[PDB]
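Chains as they are written, first to last, in the deposited numbering: chain B, 12 to 330, 332 to 383; chain A, 13 to 383.
For every residue, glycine included, the Cβ atom is placed at its ideal position computed from N, Cα and C.
The next block holds one structure in the form of structure tokens; read it before the comments.
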Ligand SMILES: Cc1ncc(COP(=O)(O)O)c(/C=[NH+]/[C@@H]2CONC2=O)c1O
Ligand SMILES: Cc1ncc(COP(=O)(O)O)c(C[NH2+]c2conc2O)c1O
Ligand SMILES: [Ca+2]
Ligand SMILES: [Cl-]
Ligand SMILES: [Cl-]
């Protein structure tokens with residue numbers, strides 16, 4: 012293969028088991044939206060469920076229907092629904108639906124009537140993120156409509172959910188504030204005669220660093236893939252599951268003073284050897300990594316030199333060579349063999365590892381190492 | 013949810029513009045990287061129908077996909093990993109550009125196994141120093157090619173090279189590369205080796221340095237309507253890709269309320285927001301957060317707060333609400349309606365429109381407007 016994103020499913024399993032320890036008695040909902048954060052929703056889902064995950068979480072019904080079509084029968088919740096969505100197929104596929112407005116519930120209820128299928132409903136309430144979540148003023152009317160729907164067996168009231176404002180800052184008081192708001196929302200449900208089976212607020216960071224804020228379920232995403240939910244604390248006993256690597260497509264000598272890639276942005280101070288790596292920014296190698304990233308080849312860090320092109324870039328191998337055409341170069345991974353990490357790319361680019369692992373594509377073929 | 017709508021009428025227009033600038037020269041439309049994100053097969057079909065004579069791609073794999081999709085026009089591939097079996101290319105009538113003596117031997121080995129004449133182009137280094145045959149090795153290559161031609165093992169179709177900095181067309185390096193390219197043609201003429209065609213020109217050279225046009229031009233970026241010399245304006249081209257999405261939610265917020273992760277934006281005034289259900293896993297670069305604008309019903313609306321994995325918020329302002337759920341937000345396009353361009357994104361995060369248009373993916377479904 013020209014290049015591959017190898018997902019280690021034994022790393023996934025290990026990370027799920029680590030997360031279950033932090034979750035204690037709370038059930039684990041593994042978040043596999045965005046094609047398993049670029050790792051493959053179905054294969055990751057299967058591994059996580061086998062490692063103790065109780066439920067799966069995705070953004071869209073389409074993501075849940077994809078898992079169902081691959082044979083997944085475990086519970087799946089979807090919480091982002093565009094205007095015009097037909098909830099019918101979700102109901103027929105035993106997909107759980109989180110509603111974030113009265114309009115969305117009314118749309119779900121029309122789908123229940125059309126399909127004859129009771130909806131397993133979760134309500135997504137806003138505790139601070141201010142995105143798609145029922146606002147505090149609208150929550151009582153939401154409870155009222157849910158109770159009436161429940162009283163006619165049109166819905167099963169499964170969940171109350173919300174999402175944390177900080178994905179990596181557990182010490183910030185907004186975490187405590189959101190957990191208090193969530194508790195007051197649960198008290199509002201009580202005064203309106205409504206009980207949810209379960210309530211959940213916690214992402215990877217809250218699960219691992221704020222276990223005092225854990226409700227009935229936890230919803231880890233980033234930590235399942237092994238990426239630290241609080242990078243300032245280290246790897247947190249997790250193992251990043253994705254290793255991006257590619258073959259050395261060409262070894263080229265150059266003389267001191269010669270330029271490389273478009274605009275000749277880098278000149279050779281000494282006679283040396285370069286390796287052409289046949290992936291580039293169309294494959295998810297951020298162009299802004301040019302002249303900053305390093306790759307690991309046969310145990311040594313080799314710096315990128317010159318601009319990253321659409322499907323290739325060059326690294327400096329130095330001046332006799334221990335690298336051959338066809339040898340493997342590691343761009344990032346868990347860091348076990350001394351290679352860069354997804355967090356290293358995030359630091360160089362000014363982003364987060366979430367964006368790094370959803371980047372590889374095109375020439376970078378996704379592959380799996382079994383547990 | 014969202015789409016990258018490719019206007020094939022724009023493609024047709026751009027190909028016509030490029031043929032006008034190419035004058036007598038035929039056009040090889042460059043459709044690598046799945047048509048720079050616009051769809052290699054659909055763009056190739058359209059470009060051929062507007063008078064492109066040939067197609068260019070990086071890999072044989074890319075060429076074989078075009079062939080599998082029913083493309084019968086000539087296709088040239090110019091980036092091959094070491095140890096490739098050129099058999100499949102030869103059987104599928106894929107032209108092969110060789111960039112080293114070793115690669116030519118790989119090709120002639122495949123000619124011997126298959127019994128099919130190779131239609132060969134020689135890719136020569138005139139200063140890019142990426143791949144390409146150097147002047148030191150070119151005389152030996154000509155001697156070998158003359159011997160393969162004699163036995164009909166190769167048809168000597170093309171000589172090619174690639175410009176280092178043609179988007180700075182006044183730079184002398186362009187003249188220098190063309191003179192080196194001429195020296196290669198001269199070296200072949202004096203050694204009694206004749207190529208059917210020679211081509212040096214990318215989009216920039218084609219549009220801005222017609223004095224450097226040989227027998228063919230090889231435009232990629234301009235076929236997609238993206239300016240090959242941004243500083244000169246649109247150069248009479250029309251960007252073919254419009255990235256747009258449905259407004260998923262409209263909501264009011266109060267002054268002092270934070271939005272999105274980390275509350276990195278605090279509302280300075282009561283205002284209305286729109287939730288746009290695409291994010292960095294869909295190619296909306298996270299670094300655009302708080303910098304980009306979208307167009308909704310003729311008005312520019314700034315992004316506010318962090319861009320999330322699959323959604324971000326825009327500020328509709330406190331004026332009369334003129335946006336509804338279900339309305340269309342344009343992220344970038346040609347600019348005909350006042351929307352931002354791909355170049356605008358490139359300016360904002362410090363890249364080039366090439367990378368912008370190879371980014372949209374995920375929830376951003378590729379769609380086509382017929383000519
Ligand atoms: C409702 C809900 N519950 C749990 C998770 C999982 O959160 P993480 O454990 O931090 O991966 C997410 C994911 N949110 C993505 C991550 O990137 N930006 C986002 O908007 C989520 O929307
Ligand atoms: C041999 C050859 N010939 C023509 C074109 C067309 O280049 P353009 O007209 O600028 O789109 C390209 C593509 N040059 C690149 C731009 O970004 N990454 C690249 O590798 C090419 O490699
Ligand atoms: Ca409308
Ligand atoms: Cl390439
Ligand atoms: Cl989302």
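| Check | Outcome |
| --- | --- |
| Would you mind sorting residue 159 (chain B) into buried or exposed? The rule is 16 or more other CB atoms within 10 Å of its CB. | exposed |
| Determine the DSSP secondary structure at residue 267 (chain B), reduced to helix, strand or coil. | coil |
| Please state whether DSSP places residue 151 (chain B) in a helix, a strand or coil. | helix |
| Look at residue 87 (chain A) and residue 102 (chain A) and say whether their C-beta atoms are less than 8 Å apart. | no |
| Specify which residues have a beta carbon nearer than 5 Å to any heavy atom of ligand 4, listing them in chain order. | B:322, B:323, A:70 and A:91 |
| Verify the contact flag: residue 289 (chain A), CB atom, against every heavy atom of ligand 5, threshold strictly below 7 Å. | yes |
| Once the 5 residues before and after residue 311 (chain A) are set aside, which same chain residues still bring their CB inside 6 Å of it? | none |
| Whose beta carbon lies closer than 7 Å to any heavy atom of ligand 3, going through the chain in order? | A:336, A:338 and A:339 |
| Is any heavy atom of ligand 2 found at a distance shorter than 7 Å from the C-beta of residue 366 (chain A)? | yes |
| Taking residue 211 (chain A) as the query, report the chain B residues whose CB atoms sit under 7 Å from its CB, ordered along the chain. | Going along chain B, no residue has its Cβ under 7 Å from residue 211 (chain A), so there is no contact; the nearest lies around 18 Å. |
| Within 10 angstroms of its Cβ, does residue 125 (chain A) collect 16 or more other Cβ (buried), or is it exposed? | exposed |
| If residue 193 (chain A) sits next to residue 138 (chain A), beta carbons under 8 Å apart, how far is it from one beta carbon to the other, in whole angstroms? | 5 Å |
| Using a beta-carbon distance cut-off of less than 7 Å, what residues from the region 296-312 of chain B approach chain A? | 298 and 299 |
| Within this structure, are the beta carbons of residue 210 (chain B) and residue 197 (chain B) separated by less than 8 Å? | yes |
| Spell out a yes or no on whether the region 107-125 of chain A and the region 243-258 of chain B are touching, meaning 3 or more CB-CB pairs, one atom from each, closer than 8 Å. | no |
| Is any beta-carbon of chain A found at less than 8 Å from that of residue 287 (chain B)? | yes |
| Please report the straight-line C-alpha distance between residue 176 (chain B) and residue 278 (chain B), rounded to a whole angstrom. | 45 Å |
| Closer than 8 Å by beta-carbon distance: list the chain B residues that pair up with residue 322 (chain A), in chain order. | 44, 45, 70 and 91 |
| Could you work out which residue in B:104, B:290 and B:149 is closest to residue 258 (chain B) when comparing CA atoms only? | B:290 |
| Say the cut is 7 Å; is the CB of residue 190 (chain A) nearer than that to a heavy atom of ligand 1? | no |
| For residue 66 (chain A), which of helix, strand or coil comes out of DSSP? | strand |
| I'd like to know if residue 275 (chain A) contacts chain B, where contact means its C-beta is closer than 8 Å to some C-beta of that chain. | yes |
| Is residue 371 (chain B) closer than 8 Å to residue 318 (chain B) when the C-beta atoms are compared? | no |
| Return the chain-ordered list of same chain residues with a C-beta closer than 7 Å to the C-beta of residue 12 (chain B), the five sequence neighbours on each side being excluded. | 377 |
| Assuming residue 326 (chain B) and residue 360 (chain B) are in contact, meaning their beta carbons sit under 8 Å apart, how far apart are those beta carbons, in whole angstroms? | Wrong, their Cβ atoms sit about 14 Å apart, outside the cutoff. |
| May I have the straight-line CA-CA distance separating residue 328 (chain B) from residue 98 (chain A), to the nearest angstrom? | 28 Å |
| Would you please verify whether the beta carbon of residue 143 (chain A) is less than 8 Å from any beta carbon of chain B? | yes |
| Flag residue 178 (chain B) as yes when its Cβ comes closer than 7 Å to any non-hydrogen atom of ligand 1, and as no otherwise. | yes |
| Are the region 250-265 of chain A and the region 68-82 of chain A in contact at 8 Å, needing three or more beta carbon pairs? | no |
| Look at the alpha carbon of residue 95 (chain A) and the alpha carbon of residue 285 (chain B), and state the distance between them as a whole number of angstroms. | 19 Å |
| Do residue 307 (chain B) and residue 349 (chain B) have their beta-carbon atoms positioned less than 8 Å apart in this structure? | yes |
| To which residues of the same chain is residue 181 (chain B) closer than 6 Å at the C-beta, ignoring the five residues directly before and after it? | 216, 220 and 221 |
| Tell me the residue span of the beta strand (DSSP E) that contains residue 379 (chain B). | 376-381 |
| Classify residue 80 (chain A) as buried or exposed, calling it buried when 16 or more other Cβ atoms lie within 10 Å of its own Cβ. | exposed |
| Between the alpha carbons of residue 269 (chain B) and residue 185 (chain A), how many angstroms are there, rounded? | 13 Å |
| Starting from residue 265 (chain A), find everything on chain B with Cβ-Cβ shorter than 8 Å and list it in chain order. | 141 |
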